[PDB]
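According to this note's numbering, the sequence shown is numbered sequentially starting from 254. The structure appears right after this line, and notes come after that.
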Amino acid sequence: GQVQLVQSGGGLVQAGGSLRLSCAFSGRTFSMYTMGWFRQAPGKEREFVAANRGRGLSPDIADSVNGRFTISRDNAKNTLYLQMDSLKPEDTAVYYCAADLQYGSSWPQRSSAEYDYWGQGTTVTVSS
């Protein structure tokens with residue numbers, strides 16, 4: 254399965270504003286992958302943000318962003334999204350999407366080490 258994840262979106266945003274991140278999947282059967290968002294802030298551990306399953310209806314969303322960040326996938330475009338609302342300075346980070354084949358994966362899966370494929374990352378900088 255030739256798999257690649259290509260991210261789009263991000264950049265500068267004002268505190269209180271909104272951004273939507275994109276993660277385009279190339280390869281066979283998007284729906285057999287658990288897809289996750291992680292972020293890396295300076296001096297902090299890599300943080301799980303949100304994840305969903307190939308055909309799942311109930312995503313897993315970290316407490317630190319619950320009520321502000323939402324996730325979905327568009328199967329026609331084979332693309333995963335992260336909608337980030339009510340952005341705060343502490344949301345500044347490099348954001349990555351990751352994919353894991355659902356044969357043998359855990360659910361939920363908040364450990365980055367268990368994801369096999371990774372996007373190139375996009376930097377989100379929240380200004381005040």
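Just so you know, even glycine gets a beta-carbon here, dropped at the ideal spot from N, CA and C.
Give me the DSSP bridge partner(s) of residue i.
i: residue 352; result: 288 and 370
i: residue 333; result: 276 and 326
Using the C-alpha atoms, what's the distance from residue j back to residue i?
i: residue 345; j: residue 271; result: 12 Å
i: residue 274; j: residue 254; result: 24 Å
i: residue 366; j: residue 323; result: 23 Å
i: residue 370; j: residue 363; result: 14 Å
i: residue 320; j: residue 256; result: 31 Å
i: residue 342; j: residue 317; result: 13 Å
i: residue 325; j: residue 333; result: 6 Å
i: residue 312; j: residue 376; result: 23 Å
i: residue 347; j: residue 380; result: 15 Å
i: residue 308; j: residue 352; result: 14 Å
Assuming residue i and residue j make a contact with CB atoms under 8 Å, what is their CB distance in whole Å?
i: residue 287; j: residue 306; result: 5 Å
i: residue 259; j: residue 372; result: 7 Å
i: residue 349; j: residue 278; result: Between residue 278 and residue 349 the Cβ distance is about 14 Å, and since that is not below 8 Å, they are no contact.
Report task. Write down every uninterrupted run of the beta strand (DSSP E) in the stretch 259-330 whose length is 3 residues or greater and which is fully enclosed by it, in chain order. Result -> 264-267, 272-279, 286-293, 300-305 and 322-327
Requested in this report: Kindly confirm or deny that the stretch 354-362 and the stretch 331-345 touch, where touching means at least three C-beta pairs closer than 8 Å.
Outcome: no
Query raised in the report: Would you call the stretch 259-269 and the stretch 281-296 in contact, with 3 or more CB pairs under 8 Å?
Result: no
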